[PDB]
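Numbering (PDB author numbering), first residue to last: 1 to 26. Notes follow the structure.
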Amino acid sequence: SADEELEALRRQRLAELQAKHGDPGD
Numbered sequence: 001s002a003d004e005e006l007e008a009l010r011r012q013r014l015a016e017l018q019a020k021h022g023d024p025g026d
């Protein structure tokens with residue numbers, strides 16, 4: 001799981017972060 005393992009790592013840190021993203025600029 002060279003890429004796979006990291007995939008969970010990068011998705012874990014990425015998916016979560018990318019989920020709390022946004023920018024209304026109000």
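All residues carry an ideal CB built from backbone N, CA and C; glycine is no exception.
### Query
Between which two residues does the alpha helix (DSSP H) harbouring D3 extend?
Reading the sequence shown from its first residue, position 3 is the one you call residue 3. Start and end: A2 to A19.
### Task
Taking only the alpha-carbon atoms, compute the straight-line gap between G25 and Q12 and give it to the nearest angstrom.
Translated into positions along the sequence shown, residue 25 becomes position 25. Translated into positions along the sequence shown, residue 12 becomes position 12. C-alpha separation (whole angstroms): 27 Å.
### Query
Taking the alpha-carbon positions, what's the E5 to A15 distance?
The residue given as residue 5 occupies position 5 in the sequence shown. The residue given as residue 15 occupies position 15 in the sequence shown. So the alpha carbons of these two residues sit roughly 14 Å apart.
### Query
Straight-line CA distance for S1 to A8?
Here residue 1 refers to the residue found at position 1 when the sequence shown is read from its first residue. Here residue 8 refers to the residue found at position 8 when the sequence shown is read from its first residue. Each residue's alpha carbon lies about 10 Å from the other.
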